[PDB]
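Asker: Need a 3D model of the following:
(one chain, ligands or ions: 3)
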Amino acid sequence: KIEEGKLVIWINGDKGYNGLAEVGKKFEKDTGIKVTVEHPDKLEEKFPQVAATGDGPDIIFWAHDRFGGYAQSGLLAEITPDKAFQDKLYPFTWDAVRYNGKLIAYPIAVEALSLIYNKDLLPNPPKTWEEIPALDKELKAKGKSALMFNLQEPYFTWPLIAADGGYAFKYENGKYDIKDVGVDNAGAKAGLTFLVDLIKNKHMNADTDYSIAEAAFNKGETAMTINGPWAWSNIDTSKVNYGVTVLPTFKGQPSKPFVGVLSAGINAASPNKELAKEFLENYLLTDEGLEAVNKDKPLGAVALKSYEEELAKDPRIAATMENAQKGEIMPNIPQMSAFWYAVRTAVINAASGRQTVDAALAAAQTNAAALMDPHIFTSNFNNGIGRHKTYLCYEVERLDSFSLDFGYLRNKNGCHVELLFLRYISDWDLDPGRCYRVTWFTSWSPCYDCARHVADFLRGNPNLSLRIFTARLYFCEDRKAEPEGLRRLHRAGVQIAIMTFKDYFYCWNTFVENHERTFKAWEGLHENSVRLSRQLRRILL
Ligand SMILES: OC[C@H]1O[C@H](O[C@H]2[C@H](O)[C@@H](O)[C@@H](O[C@H]3[C@H](O)[C@@H](O)[C@@H](O[C@H]4[C@H](O)[C@@H](O)[C@@H](O)O[C@@H]4CO)O[C@@H]3CO)O[C@@H]2CO)[C@H](O)[C@@H](O)[C@@H]1O
Ligand SMILES: [Ca+2]
Ligand SMILES: [Zn+2]
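Answerer: Numbering: from 1, shown residues only. Ligands and ions are numbered 1, 2, ... in the order given. Dropping the coordinates below:
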């Protein structure tokens, strides 16, 4: 449901979407092809929903942190720029859009948050966060506040949380450990506690959003703020005398903002994949293109070497790059949106008092995971009681071993969990140059049909290993076909086993929102496990 011979673009409203629409005009004049530029709310949320059915825009613009998700779902076309073009752009920006061995998007510009001060109210901006209270007291007397920034988005408070030692996923040896999450470590709590204490002590209000803070600073009501390049335009229009310096340090260490890389990706359902490539390579990622945009609203430090050398003379851009170096670049992995949704809830609740810092950050670590209700796990994985629904917990590892994703799903819409997993892993289109191992923890054995498709799919993909651990056996009677289906899976190389306490214990700690409560085994677990183990042993002979 996407029009051919036309380009629709989605970009966020805080970017220079008018500047971009002009590049679409130049492009239209030189080709005849119309270029619509829309900027819907929550476009980053809307895209995956529409794109999954063959609708959506041809090009989507967002920071790169959300693209691994889009790629896993099979929503992005593979971009393929020649070696000549890849030279035009800084190497490290290409690395930000590298996922699953492919390039998934075109990098446009590097964004990072900076401290923005009013020279008239504060000629010397504070070097530490700890001054801000005394600074706010000194200023409150004159009818002004010291600092105002958006507290409704974790992006803006992340620099303070990350400073003392908070982090998203541990990065070591070039890879990300998705099981080592550092949102609740000592550092995180320290930085966030400072934030809350500012709110308790009446130096910041908890309800301050983006528009409120932007209006405060642009009317000279608050001495400082914290924002990105995109904000500079309206500060100019307001004729405030502003500087753009380094984010203050916390406990001696620098604030570590998450660095975004504005990126264009192409809808895999687009018929206009060529048009999009032509537009992005030869009209936007040029000198003329980026300027048209950067004049509407600043991009930061663009990815285009030629045009960046020119922009880097700006002292504002210098500070941006200084903060970016101090900080880290955002991971692009699918876990990132979950992480962002989680951290968001923490800062809001901790800031409003609904929770304590320690409590909020605890829940964040847990929420960022795909976790089951404990009642649902016990209700369904009991090896003695047969519910009429199937649950599947899965882990997907890479044999280099190293885990890429873990989650759970249940049968839905008359669609068995086995076929649902097949779609999820097909859509992903894993790099066939490497080897992976899929592990299922399922509550029922697979029906006969699904045993075909899983066997077919596995002979279709020699580089995948499947291990199924099951709680019960479905229709393993002699007047049923299912028992052979388990042999056919076994012959396709699949390791089938019955779950045991070790397995239930692992699942309890991995796929369940257990609240630290220890796994209590049910009466008949060890007996049922033993009985079934033999019953299976009898099937695979
Ligand atoms: O929870 C309710 C909210 O849900 C939606 O917000 C989500 C996004 O969908 C997530 O992707 C994520 O947002 C990240 C964002 O992905 C990340 O790039 C960064 O965004 C910066 C961006 O780099 C910069 O260019 C500029 O646009 O500012 C952005 C920050 O505002 O950080 C984001 C998170 O702070 O998480 C959010 C929820 O936090 C939906 O959009 C919301 O309307 C909804 O309320
Ligand atoms: Ca760094
Ligand atoms: Zn089935």
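
Asker: Point me to the residue of the stretch 401-541 of the chain nearest ligand 1.
Answerer: Per CB to the nearest ligand atom, residue 405 is where the stretch 401-541 of the chain lies closest to ligand 1, at 17.4 Å. (C-beta placed from N, C-alpha, C; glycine too.)

Asker: so that residue makes contact with residue 176?
Answerer: No. Residue 405 is beyond contact range of residue 176, at 11.3 Å (criterion: CB atoms under 8 Å).

Asker: ok, for the residue nearest to the spatial centre of the chain, nearest residue in space, not its chain neighbours?
Answerer: Centre of the chain computed as the mean C-alpha position; nearest residue by CA atoms, centre = their mean is residue 336, 2.2 Å away. Spatial nearest neighbour of residue 336, excluding adjacent residues (CB to CB, 6 or more residues apart in numbering): residue 65 at 4.8 Å.

Asker: count of neighbours near that neighbour?
Answerer: By other CB atoms under 10 Å, 25 other residues sit near residue 65.

Asker: sec struct for it, please.
Answerer: Here residue 65 is helix, with the state taken from DSSP: H, G, I helix; E, B strand; the rest coil.

Asker: Kindly export stretch 212-232 (C-alpha atoms) in PDB.
Answerer: Taking C-alpha atoms only, stretch 212-232 is exported to PDB below (Å, rounded to 0.1, in the frame of the first residue of the first chain):
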ATOM      1  CA  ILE A 212       8.400  24.100  29.200                       C
ATOM      2  CA  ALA A 213      12.200  24.200  29.500                       C
ATOM      3  CA  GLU A 214      12.700  25.500  26.000                       C
ATOM      4  CA  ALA A 215      10.300  28.300  26.700                       C
ATOM      5  CA  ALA A 216      12.000  29.100  30.100                       C
ATOM      6  CA  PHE A 217      15.500  29.500  28.600                       C
ATOM      7  CA  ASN A 218      14.400  31.300  25.400                       C
ATOM      8  CA  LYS A 219      12.600  33.900  27.600                       C
ATOM      9  CA  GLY A 220      15.600  34.300  29.900                       C
ATOM     10  CA  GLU A 221      14.000  32.800  32.900                       C
ATOM     11  CA  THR A 222      16.500  30.000  33.600                       C
ATOM     12  CA  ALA A 223      20.200  30.400  33.600                       C
ATOM     13  CA  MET A 224      20.900  27.000  32.000                       C
ATOM     14  CA  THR A 225      19.400  24.100  30.100                       C
ATOM     15  CA  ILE A 226      20.500  20.800  28.500                       C
ATOM     16  CA  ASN A 227      19.700  20.100  24.900                       C
ATOM     17  CA  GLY A 228      21.100  19.100  21.400                       C
ATOM     18  CA  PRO A 229      21.900  21.000  18.200                       C
ATOM     19  CA  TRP A 230      18.300  21.000  16.900                       C
ATOM     20  CA  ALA A 231      17.500  23.400  19.700                       C
ATOM     21  CA  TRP A 232      20.000  26.100  18.600                       C
END
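
Asker: Check the offset of it from the chain's centre.
Answerer: Put simply, stretch 212-232 sits 27 Å off its chain's centre (CA atoms, centre = their mean, to the nearest Å).

Asker: Which positions in that stretch come out as buried?
Answerer: Neighbour counts over stretch 212-232 (16 or more other CB atoms under 10 Å) mark 212-214, 216-218, 220, 222-232 as buried.

Asker: go on, stretch 120-139?
Answerer: 121-122, 125-126, 129, 132-133, 135-136, 139.

Asker: For the stretch 151-300 of the chain, which residues are neighbours of ligand 1?
Answerer: 153-155, 228, 260 (CB under 6 Å from any ligand atom).

Asker: one more time with 8 Å
Answerer: Residues of the stretch 151-300 of the chain that fall close to ligand 1, judged by CB under 8 Å from any ligand atom: 152-156, 158, 210, 228, 230, 258, 260, 262.

Asker: before we move on, back to that, give me the distance between the residue nearest to residue 336 and residue 169.
Answerer: To residue 169, residue 65 is 12 Å away according to CB to CB, to the nearest Å.

Asker: Report the set of residues contacting both of these two.
Answerer: Both residue 65 and residue 169 are contacted by residue 331, under the criterion CB atoms under 8 Å, 6 or more residues apart in numbering.

Asker: and the residue of the stretch 401-541 of the chain closest to ligand 1, how many neighbours?
Answerer: Neighbour count for residue 405, taken as other CB under 10 Å: 17.

Asker: Over to residue 389?
Answerer: 13.

Asker: For the host helix or strand of the residue nearest to the centre of the chain, name the packing helices and strands.
Answerer: Residue 336 belongs to helix 335-352 when elements are defined using DSSP states H and E. Judged by 3 or more CB pairs under 8 Å, 6 or more residues apart in numbering; DSSP states H and E, helix 335-352 is in contact with helix 67-72, helix 154-163, strand 167-172, helix 186-200, helix 357-367.

Asker: swap the cut-off to 10 Å and go again
Answerer: Under the contact definition 3 or more CB pairs under 10 Å, 6 or more residues apart in numbering; DSSP states H and E, helix 335-352 sits against helix 43-51, helix 67-72, helix 154-163, strand 167-172, strand 175-182, helix 186-200, helix 357-367, strand 402-410.

Asker: Buried residues in whatever helix or strand comes next after the second one, which are they?
Answerer: Counting by DSSP H and E, the next helix or strand C-terminal to helix 67-72 is helix 83-88. Going by neighbour count (16+ other CB under 10 Å), the buried part of helix 83-88 is residue 85.

Asker: Pull up the gap between the residue of the stretch 251-400 of the chain found nearest ligand 3 and residue 93, please.
Answerer: Relative to ligand 3, the nearest point of the stretch 251-400 of the chain is residue 390 (8.1 Å; CB to the ion). Look at residue 390 and residue 93: by CB to CB, they are 44 Å apart.

Asker: do stretch 448-464 and ligand 3 meet?
Answerer: Yes. Stretch 448-464 reaches ligand 3 (CB under 5 Å from the ion) through residue 450.

Asker: correct me, but the residue of the stretch 251-400 of the chain closest to ligand 3 touches residue 441?
Answerer: No. The pair formed by residue 390 and residue 441 falls short of the contact definition of CB atoms under 10 Å, at 11.6 Å.

Asker: Now for those two: what residues contact both?
Answerer: Jointly contacting residue 390 and residue 441 under the rule CB atoms under 10 Å, 6 or more residues apart in numbering are residue 471.

Asker: who's in contact with the residue nearest to the centre of the chain?
Answerer: 63-69, 168-169, 176, 258, 330, 368.

Asker: looking at the residues you listed, which has the most residues close by?
Answerer: residue 64 (27 neighbours).

Asker: quick one: that one and residue 261, what's the gap?
Answerer: Distance of residue 64 to residue 261, computed by CB to CB: 4 Å.

Asker: of the contacts of residue 336, closest to ligand 3?
Answerer: Nearest member of those to ligand 3, counting by CB to the ion, is residue 69, at 27.5 Å.

Asker: Tell me how many other residues crowd residue 327.
Answerer: 21.
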